[PDB]
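Residue numbers (my numbering), protein chains in the order written: chain U, -11 to 179; chain W, 141 to 329; chain G, -11 to 179; chain R, 17 to 207. Idealized CB from N, CA, C, for every residue including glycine.
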Amino acid sequence: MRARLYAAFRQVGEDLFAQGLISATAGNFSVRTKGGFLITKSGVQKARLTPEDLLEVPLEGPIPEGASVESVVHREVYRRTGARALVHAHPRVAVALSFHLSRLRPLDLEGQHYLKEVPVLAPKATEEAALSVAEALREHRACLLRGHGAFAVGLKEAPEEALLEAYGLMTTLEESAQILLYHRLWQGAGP
Amino acid sequence: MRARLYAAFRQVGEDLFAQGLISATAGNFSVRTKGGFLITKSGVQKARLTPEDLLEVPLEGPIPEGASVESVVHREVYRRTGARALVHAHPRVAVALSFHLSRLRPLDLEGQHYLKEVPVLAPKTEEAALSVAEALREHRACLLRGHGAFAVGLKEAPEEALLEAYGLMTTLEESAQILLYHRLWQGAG
Amino acid sequence: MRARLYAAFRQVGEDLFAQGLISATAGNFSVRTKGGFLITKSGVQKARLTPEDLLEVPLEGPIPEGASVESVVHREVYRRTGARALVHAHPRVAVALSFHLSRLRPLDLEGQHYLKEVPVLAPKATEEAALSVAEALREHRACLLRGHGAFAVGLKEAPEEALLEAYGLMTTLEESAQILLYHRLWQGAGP
Amino acid sequence: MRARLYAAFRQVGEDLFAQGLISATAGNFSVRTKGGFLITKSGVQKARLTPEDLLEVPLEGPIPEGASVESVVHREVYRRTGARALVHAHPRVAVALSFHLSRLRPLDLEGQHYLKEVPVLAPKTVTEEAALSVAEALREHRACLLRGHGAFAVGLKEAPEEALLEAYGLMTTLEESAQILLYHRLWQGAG
């Protein structure tokens, strides 16, 4: 179905990069597929994505070279979740506040509706991490991996729309983290 | 018609997203029309807006589906008030401040002149539609504790009233920021 | 000379709007002319100035109608000063701090090169504020008006330059207020 | 290759400005070229760069006037390092946290990958001395802080414009890492 699926990957890229959620070649995202998952390639302009940039990976056995080193996680996520899409990103604020929480609870109405609760995993990538990210995403739509960015899942049926669902949730996270940070600097200091 | 009005919905969309005032899909914005008010479709990239992403909603009763979930809040503001444009956004700092403040009173000229005092609502529904469509009469912007902020548009032309409401929106945020930096500075140094 | 001059006003207005330094309708900037000065019109979309959005004001008596309500301030500055351009904006962080200080001292090298020292006049756009802004602009290149905004002077011989030069100093003040803000929130909230 | 190489300085200046990493005219950036190095001119709106806003400069001899005031520093860096592009900006949060650090150490994954450790140069006084300090600093590091006067980021790609785009990229990373350090410290100084 290339046409539209493509529209969603190039879109999300340009977006995740315009909002600062990822640098020029960081982060990765994927959708589920008959074989396995369709992912972005390692080390490449994620805002200037083109078709040959995406690469199908199976849940099977050989991880083809050129596919994100974060590919282990995505897979595990697809192997133990029902997730139909996954966006990995680095929302500045969410990441700064992740160093002190085990959980991140949004205060805002939009956040509480979609990101009810965001778990923070402490590593003390790696297969091990893959399993923690995986478990967290079973009953949660996003999670922070301490100082390692966040992960958001998409459960919609249409691969592309799932992707927008994820990227979308990522954006909600950062918004909630920002609101949490402001709300505190104010309550705290000052009077 | 569908030339200057579209451009304005698209612009407010792109800017609102870049300015960090909303999420990919959060928020909504409307204009007063002959039938009632035109609004953004619910569920859709506000930053990649199209003519198809909007539609009219009579003040009557038939709220077509696709219209924002908050049309109920827009309508009631178009019923009991002289509004002509309406932006619903999520200014981060302002929202932050909400939880605490009862009213937002800018300490800055640009603010003090156009957003004299921004009351904070604590609702939830029909209940909130009202709360807002009252406050937006004597006031041009209101804060829904934890949800967001509504900014009023008043120009004759539709497009203008919208950008004006979007204007007041960025002003709302800049005032919250000022308030906030103000506090963090004289209160820790 | 209109041409280049015009481009300058249109440019300063656009950048100022982009940089967040003025809302679409506020602020104002002028350049000195043989007559008096050339200032933006009252209430006009600064980011889309047209050659007809600018009006000439003499240093003497009758201020044409349509002029910015603060032509008084600009004129009081061109009367008592060598200023050859004047930019009036609202740098949010610069204003936020102006409430508690009486002088702003850039901690940064660029700031300590032009904005050497930034005074803060206190109320009590009036003829009083103009007179106060005009003298303060005699030994300093910029000044804050508590609650209001900031004033930056330009001095190049070419009006077009002076403006860019004033617009830019405005840019320099905000960089500084921010450096100040962050420096303080940091050194102050840490150990 | 002018074409594309121009598309780089142009985007960089635009981004550096919109990103908040430079005043309307501060900063300077460049790419190593056959003879010596290509660099931004002096006193030019970095946000509106034209092809005529850049000058060549040999590694030895008469620095043509009009070139960046800090061309000496660039020249030093291309003589004593394998730099291929250099961006000198003014990250705000980063400068603020530099006034009392000696080194800046990113707490975030991404920052730790690229900018392992950013040294903060901080002179007292015993130009080319500083130009030799930045150079030495940038030999083993890809980014360095110059207390109260911004940072320096290096590009190592073979294609020049890719190197420039690369160092600008590092620049954002630095500022994002400083911000993460900050919010991490402010959020902590609460409850």
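Chain U beta carbons: is any one of them nearer than 9 Å to that of residue i?
| i | result |
| --- | --- |
| residue 245(W) | no |
| residue 165(W) | yes |
| residue 288(W) | yes |
| residue 195(R) | yes |
| residue 160(W) | yes |
Could you tell me the alpha carbon to alpha carbon distance between residue i and residue j, rounded to whole angstroms?
| i | j | result |
| --- | --- | --- |
| residue 136(R) | residue 93(G) | 22 Å |
| residue 329(W) | residue 148(G) | 41 Å |
| residue 111(U) | residue 136(U) | 9 Å |
| residue 23(G) | residue 170(W) | 47 Å |
| residue 106(G) | residue -1(G) | 25 Å |
| residue 124(U) | residue 158(W) | 30 Å |
| residue 115(U) | residue 48(U) | 15 Å |
| residue 23(R) | residue 17(R) | 10 Å |
| residue 109(R) | residue 48(R) | 29 Å |
| residue 310(W) | residue 154(W) | 13 Å |
| residue 100(G) | residue 165(G) | 12 Å |
| residue 103(G) | residue 85(G) | 15 Å |
| residue 191(R) | residue 107(R) | 6 Å |
| residue 119(U) | residue 133(U) | 12 Å |
| residue 325(W) | residue 117(R) | 21 Å |
| residue 150(U) | residue 69(U) | 14 Å |
| residue 73(U) | residue 146(U) | 9 Å |
| residue 113(G) | residue 215(W) | 40 Å |
| residue 98(U) | residue 16(G) | 39 Å |
| residue 66(G) | residue 26(G) | 11 Å |
| residue 83(U) | residue -7(G) | 47 Å |
| residue 80(R) | residue 69(R) | 13 Å |
Check whether chain R comes within 9 Å of residue i, counting only Cβ atoms and requiring the distance to be less than that.
| i | result |
| --- | --- |
| residue 105(G) | no |
| residue 169(U) | yes |
| residue 175(U) | yes |
| residue 33(G) | no |
| residue 172(U) | yes |
| residue 155(G) | yes |
| residue 78(U) | yes |
Let me confirm a value: residue i is counted as buried when at least 16 other C-beta atoms fall within 10 Å, else exposed. Which label applies?
| i | result |
| --- | --- |
| residue 141(R) | exposed |
| residue 143(U) | exposed |
| residue 183(R) | buried |
| residue 129(G) | buried |
| residue 127(U) | exposed |
| residue 82(R) | exposed |
| residue 331(W) | Outside the modelled stretch of chain W, which goes from 141 to 329, sits residue 331(W), for which no answer is possible. |
Is residue i helix, strand or coil when you go by DSSP?
| i | result |
| --- | --- |
| residue 189(R) | helix |
| residue 318(W) | helix |
| residue 251(W) | helix |
| residue 243(W) | strand |
| residue 170(W) | strand |
| residue 144(G) | coil |
| residue 109(G) | strand |
| residue 209(W) | coil |
| residue 228(W) | strand |
| residue 34(G) | helix |
| residue 1(G) | helix |
| residue 121(U) | helix |
| residue 300(W) | helix |
| residue 176(G) | helix |
| residue 161(W) | coil |
Using a Cβ-Cβ distance under 9 Å, would residue i count as near chain W?
| i | result |
| --- | --- |
| residue 178(U) | yes |
| residue 148(U) | no |
| residue 152(U) | yes |
| residue 82(U) | no |
Less than 9 Å between CB atoms is the rule here; does residue i satisfy it with respect to chain G?
| i | result |
| --- | --- |
| residue 249(W) | yes |
| residue 20(R) | no |
| residue 90(R) | no |
| residue 180(W) | no |
| residue 113(R) | yes |
Would you check whether the ligand MG has a heavy atom nearer than 8 Å to the C-beta of residue i?
| i | result |
| --- | --- |
| residue 138(R) | The ligand content of the structure shown is nil, which means the ligand MG is not present either. |
Looking at chain C, is there any beta carbon in it that lies within less than 9 Å of the beta carbon of residue i?
| i | result |
| --- | --- |
| residue 143(U) | Protein chains U, W, G and R are contained in the structure displayed, whereas chain C is not. |
Using 8 Å as the cut-off, can you tell me whether the region 187 to 198 of chain R makes contact with the region 55 to 72 of chain R, which would need three or more C-beta pairs spanning the two stretches below that distance?
Short answer: they don't touch.
Counting pairs of Cβ atoms below 8 Å between the region 177 to 187 of chain W and the region 204 to 221 of chain W, do you hit three or more?
yes
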